[PDB]
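So this first bit is one chain, no partners, the form deposited in one PDB entry, shown in structure tokens.
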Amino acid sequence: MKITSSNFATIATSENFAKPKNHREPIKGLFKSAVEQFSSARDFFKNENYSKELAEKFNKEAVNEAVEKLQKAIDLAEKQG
């Protein structure tokens, strides 16, 4: 399953999150950390100390990190089923 900024909110779901410890706990933390970073990225547009250009640049770059993380977490869960 590919992961983009646009499908992130429909793959990084509560249903998918609930779906072995040495794979459980890292992948969980990864999935979650992607959730917290994605949400803080969206809040850059609320920061009135950021220019429009800086907030867009930071948003895209942080969102990518949460996307690449979720891509990695899904890929690892899929190698383990």
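Sequential numbering from 1, following the sequence displayed.
Chemist: Taking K19 and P20 as adjacent modelled residues, how many residues of the deposited sequence between them have no coordinates (none, 1 to 3, 4 to 9, 10 or more)?
Modeler: The entry has a gap there, with 4 to 9 residues left out between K19 and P20.
Chemist: Highest mean C-alpha temperature factor of the two stretches 42-50 and 23-31, which is it?
Modeler: On average, C-alpha B-factors are higher across 23-31.
Chemist: Among the modelled residues of this chain, does the Cα B factor of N64 put it in the lowest, middle or highest third?
Modeler: For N64, whose C-alpha B-factor we compare with every modelled residue in the chain, the answer is the middle third.
Beyond what is shown, the protein has a form deposited in another entry; the following relates to that form.
Chemist: Your call: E48 and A41 CA atoms, closer or farther in that other deposited form versus the shown structure, by 3 Å or more?
Modeler: Closer: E48 and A41 approach by 3 Å or more in that other deposited form.
Chemist: Which way does the C-alpha gap of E48 and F38 go in that other deposited form, closer or farther, given it changes by 3 angstroms or more?
Modeler: Note: Cα gap between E48 and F38 shrinks in that other deposited form.
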